[PDB]
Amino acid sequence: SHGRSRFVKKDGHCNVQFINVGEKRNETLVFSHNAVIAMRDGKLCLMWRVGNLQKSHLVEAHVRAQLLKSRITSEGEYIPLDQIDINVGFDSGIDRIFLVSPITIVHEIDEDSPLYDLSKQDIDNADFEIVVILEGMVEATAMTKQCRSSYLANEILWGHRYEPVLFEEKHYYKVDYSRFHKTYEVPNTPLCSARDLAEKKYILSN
């Protein structure tokens, strides 16, 4: 379950060629146009993809995501912008990434997730916004980066997975960026909420 070639050479260079990158952009960090919700290892997850269009070192790279909404407190205070962080692994250190080929960032929709109670229908009807961020510092250029994007509820594709971008050649790996934004539908995905899923699971565990 590893390809023929090494992914990282002994000298630290990655053994990867990027193809179909398009026009050499000034910002080389990029997020997928859509986010997805799908099952992974028995858990309902929100995911989004991030990549570096070139072979630079993003040092001390890490990701965050926040749900953006207004809120009224119990005291009647109006909060125009409540920025609610969504768990992508801060507390265990797995928000920190080693970015070579595009990575799918994963938020598990568990009881602590803002999305725990949302079914496909709920999302279809909703108006919320998730901002996603990738920060680190590019080694060669000494530039601290904060790549930002946003998914509105209508840009999250319930029941989709990303197309593979990373392929093995005999001597190296290629990343096909023509597949970066591409997704496919998984009809087998539950349409109900993570909460419903956990209830249906307990009922069968007995």
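From 1 onward, residues are counted along the sequence shown.
Taking only CA atoms, the mean B-factor in the PDB entry is higher for 114-122 than for the other of 114-122 and 76-84.
Set 189-197 against 20-28 and average the Cα temperature factors; 20-28 ends up higher. Of the residues listed, 56, 150, 144, 66, the entry assigns the biggest Cα temperature factor to 56. Split the chain's modelled residues into thirds by C-alpha temperature factor. Residue 171 is in the highest one.
Among the modelled residues of its chain, residue 95 has a C-alpha B-factor that falls in the lowest third according to the deposited record. Among all modelled residues in this chain, the alpha-carbon of residue 60 has a temperature factor (C-alpha) in the lowest third. Sorting the modelled residues of the chain by their CA temperature factor places residue 135 in the lowest third. Among all modelled residues in its chain, residue 129 ranks in the lowest third by Cα B-factor.
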